[PDB]
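Q: First, the structure itself, so that you have it in front of you.
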Amino acid sequence: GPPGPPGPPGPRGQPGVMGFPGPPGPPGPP
Amino acid sequence: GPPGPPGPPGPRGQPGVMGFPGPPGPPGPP
Amino acid sequence: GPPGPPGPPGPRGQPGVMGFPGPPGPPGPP
């Protein structure tokens with residue numbers, strides 16, 4: 001017979017990887 | 001004629017963007 | 001009939017988790 005219909009859209013991709021650490025904080029007080 | 005079975009889901013999407021960098025750290029010590 | 005084609009490509013994944021806060025800042029002045 002004729003082909004079946006196409007399947008549905010593929011799954012959403014995985015989330016991105018975790019980001020870099022932030023920079024060091026600001027200086028302490030005198 | 002008799003159409004075939006539905007196809008499978010499509011390819012998985014591409015990965016997401018890497019996470020943003022973290023915020024600045026705590027203030028320093030005296 | 002034969003199975004249908006695979007479906008369309010999936011969408012991009014979500015952005016990743018933001019990175020950790022940075023470490024504590026440098027010592028303050030004397």
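By order of appearance in the structure tokens: chains A, B, ..., then residues from 1 within every chain, and ligands from 1 in the order shown.
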Would you mind aligning chain C to chain B, a least-squares fit over all C-alpha atoms taken in order, and returning the superposed chain as a short mmCIF file (atom, residue, chain, number, x, y, z; two decimals) with N, CA, C and O atoms, in the first residue's frame?

A:
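This is the output file selection25.cif:
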```
data_model
loop_
_atom_site.label_atom_id
_atom_site.label_comp_id
_atom_site.auth_asym_id
_atom_site.auth_seq_id
_atom_site.Cartn_x
_atom_site.Cartn_y
_atom_site.Cartn_z
N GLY C 1 -5.04 2.18 -2.55
CA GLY C 1 -4.83 1.58 -1.24
C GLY C 1 -4.92 2.58 -0.10
O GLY C 1 -5.04 3.79 -0.32
N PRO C 2 -4.86 2.07 1.13
CA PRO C 2 -4.86 2.96 2.28
C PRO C 2 -3.53 3.68 2.43
O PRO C 2 -2.51 3.25 1.87
N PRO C 3 -3.51 4.76 3.21
CA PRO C 3 -2.25 5.43 3.48
C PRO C 3 -1.24 4.51 4.13
O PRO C 3 -1.61 3.60 4.88
N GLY C 4 0.03 4.74 3.85
CA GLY C 4 1.07 4.00 4.52
C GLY C 4 1.16 4.33 6.00
O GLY C 4 0.57 5.29 6.49
N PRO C 5 1.93 3.51 6.72
CA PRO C 5 2.15 3.74 8.13
C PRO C 5 2.87 5.05 8.43
O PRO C 5 3.57 5.57 7.57
N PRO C 6 2.76 5.54 9.66
CA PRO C 6 3.60 6.66 10.07
C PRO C 6 5.08 6.27 9.98
O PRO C 6 5.44 5.10 10.10
N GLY C 7 5.93 7.27 9.76
CA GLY C 7 7.35 7.03 9.67
C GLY C 7 7.99 6.71 11.01
O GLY C 7 7.31 6.70 12.06
N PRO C 8 9.31 6.45 10.99
CA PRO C 8 10.05 6.12 12.21
C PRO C 8 10.13 7.27 13.19
O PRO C 8 9.90 8.42 12.82
N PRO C 9 10.45 6.96 14.45
CA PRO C 9 10.59 8.04 15.43
C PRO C 9 11.70 9.03 15.05
O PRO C 9 12.74 8.63 14.50
N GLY C 10 11.44 10.30 15.32
CA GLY C 10 12.41 11.34 15.08
C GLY C 10 13.55 11.29 16.07
O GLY C 10 13.46 10.68 17.13
N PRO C 11 14.65 11.95 15.73
CA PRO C 11 15.82 11.99 16.59
C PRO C 11 15.71 13.00 17.73
O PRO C 11 14.93 13.95 17.66
N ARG C 12 16.54 12.82 18.75
CA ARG C 12 16.54 13.70 19.90
C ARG C 12 16.91 15.14 19.55
O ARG C 12 17.72 15.39 18.65
N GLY C 13 16.30 16.07 20.27
CA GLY C 13 16.61 17.46 20.12
C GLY C 13 18.00 17.85 20.59
O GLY C 13 18.68 17.10 21.30
N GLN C 14 18.41 19.04 20.18
CA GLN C 14 19.71 19.58 20.52
C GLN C 14 19.76 19.94 22.01
O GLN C 14 18.72 20.20 22.64
N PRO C 15 20.98 20.01 22.57
CA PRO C 15 21.11 20.48 23.95
C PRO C 15 20.58 21.90 24.08
O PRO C 15 20.65 22.70 23.16
N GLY C 16 20.07 22.21 25.27
CA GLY C 16 19.58 23.54 25.55
C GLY C 16 20.67 24.58 25.68
O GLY C 16 21.87 24.29 25.66
N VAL C 17 20.22 25.83 25.74
CA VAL C 17 21.07 27.00 25.91
C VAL C 17 21.75 26.96 27.29
O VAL C 17 21.08 26.70 28.28
N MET C 18 23.04 27.25 27.35
CA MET C 18 23.75 27.33 28.62
C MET C 18 23.11 28.40 29.49
O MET C 18 22.65 29.43 28.99
N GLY C 19 23.09 28.16 30.79
CA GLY C 19 22.53 29.11 31.72
C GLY C 19 23.31 30.41 31.77
O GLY C 19 24.43 30.51 31.24
N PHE C 20 22.71 31.41 32.38
CA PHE C 20 23.36 32.69 32.57
C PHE C 20 24.58 32.57 33.49
O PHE C 20 24.62 31.71 34.37
N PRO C 21 25.53 33.49 33.34
CA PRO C 21 26.59 33.61 34.33
C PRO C 21 26.00 33.81 35.72
O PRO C 21 24.90 34.37 35.84
N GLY C 22 26.71 33.38 36.75
CA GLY C 22 26.26 33.63 38.11
C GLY C 22 26.32 35.10 38.47
O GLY C 22 26.80 35.93 37.70
N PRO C 23 25.84 35.45 39.66
CA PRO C 23 25.95 36.81 40.17
C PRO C 23 27.39 37.14 40.60
O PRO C 23 28.22 36.24 40.75
N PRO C 24 27.69 38.42 40.82
CA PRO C 24 29.00 38.79 41.33
C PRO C 24 29.31 38.09 42.65
O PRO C 24 28.41 37.79 43.45
N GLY C 25 30.59 37.85 42.86
CA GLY C 25 31.06 37.12 44.02
C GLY C 25 30.92 37.92 45.29
O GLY C 25 30.49 39.08 45.29
N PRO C 26 31.29 37.29 46.41
CA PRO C 26 31.15 37.95 47.70
C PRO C 26 32.20 39.01 47.88
O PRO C 26 33.18 39.04 47.16
N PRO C 27 31.98 39.92 48.83
CA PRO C 27 32.95 40.97 49.09
C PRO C 27 34.31 40.40 49.45
O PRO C 27 34.41 39.38 50.15
N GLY C 28 35.35 41.06 48.96
CA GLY C 28 36.69 40.71 49.35
C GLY C 28 36.91 40.98 50.83
O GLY C 28 36.09 41.65 51.49
N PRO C 29 38.03 40.48 51.36
CA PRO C 29 38.44 40.77 52.71
C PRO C 29 38.54 42.25 53.03
O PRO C 29 38.60 43.10 52.13
N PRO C 30 38.58 42.56 54.32
CA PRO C 30 38.83 43.95 54.71
C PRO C 30 40.19 44.46 54.22
O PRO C 30 41.13 43.67 54.01
#
```
